[PDB]
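Worth knowing before you read on, the calculation uses all heavy atoms, side chains too, and leaves out hydrogens, waters and symmetry mates. All residue numbers refer to positions in the sequence shown, counting from 1. Both counts, for ligands and for their atoms, begin at 1 and track the order of listing.
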Amino acid sequence: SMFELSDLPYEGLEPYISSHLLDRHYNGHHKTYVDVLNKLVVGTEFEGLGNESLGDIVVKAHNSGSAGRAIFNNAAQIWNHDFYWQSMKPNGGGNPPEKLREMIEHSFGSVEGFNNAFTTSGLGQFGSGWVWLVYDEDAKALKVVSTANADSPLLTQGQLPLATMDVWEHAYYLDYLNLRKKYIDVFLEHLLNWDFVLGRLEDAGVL
Ligand SMILES: [Fe+3]
Ligand code: NA
């Protein structure tokens, strides 16, 4: 019945995300969202709820408009960061597994087509935000979309999130400074967790 900072799935992602950067992003930014949300939900319908309710809280707070905006920003950021950490692994990146190949090829023309769409989307999100690989139920295909600030596919009907890459400047600044492209390159090359993507498409019954 309080929000908590959930454990990382790994000890680190060096040398791609430095020890210092991981510490500041996780124990600094992500931890602070958890603290702030605990403070904000007091006296509201969300008091005494835990991490499993985060998805529900995001949608309800967003629908509330002005009354729910701070709660939305913080709940959404916690949910987004949890998703981000699961979206990477040590020895990640590279080509998708065999069981994903056709869907990737169908949706983006080729692996290189995917890398290009993902990179374009990341450099295209002006200011703070997130890049998502999603399954679009109406297109019957994978898509790349970006969101501003704390927005996510939880806000959009028919769009199942599969992986995310944080493009808030704090996600990469300490290691890559203003070179967001260098960080995006590294994400695709060595971080993206295809086991997570695949596992979620299997859970949703898509594959
Ligand atoms: Fe972040
Ligand atoms: Na959705």
Opening angle between OD2 in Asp166 and NE2 in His81, taken at the Fe ion (ligand 1), to 10 degrees | 110°

With sequence neighbours left out, the residues meeting salt bridge (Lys or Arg N to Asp or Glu O under 4.0 Å) with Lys181 are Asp185

N/O/S atom of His29 inside 2.8 Å of the Fe ion (ligand 1), strictly under =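 Checking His29: none of its N, O or S atoms is under 2.8 Å.
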
Using a cut-off of strictly less than 2.8 Å, determine whether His25 has an N/O/S atom near the Fe ion (ligand 1).
->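 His25 does place an N, O or S atom closer than 2.8 Å to the Fe ion (ligand 1).
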
Kindly state each residue pair satisfying salt bridge (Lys or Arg N to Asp or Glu O under 4.0 Å) with at least one member in residues 72-89, sequence neighbours excluded.
->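 Counting only pairs at least two positions apart or across chains, the salt bridge (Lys or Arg N to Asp or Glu O under 4.0 Å) contacts touching residues 72-89 are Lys89-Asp195.
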
Would one find an N, O or S atom of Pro153, in either backbone or side chain, under 3.0 Å from the Na ion (ligand 2)?
-> yes

Side-chain donor-acceptor pair present, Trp168, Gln125, cut-off under 3.5 Å | no

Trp85 and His25 aromatic centres sub-6.0 Å |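 Judged by ring-centre distance (under 6.0 Å), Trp85 and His25 do meet the cut-off.
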
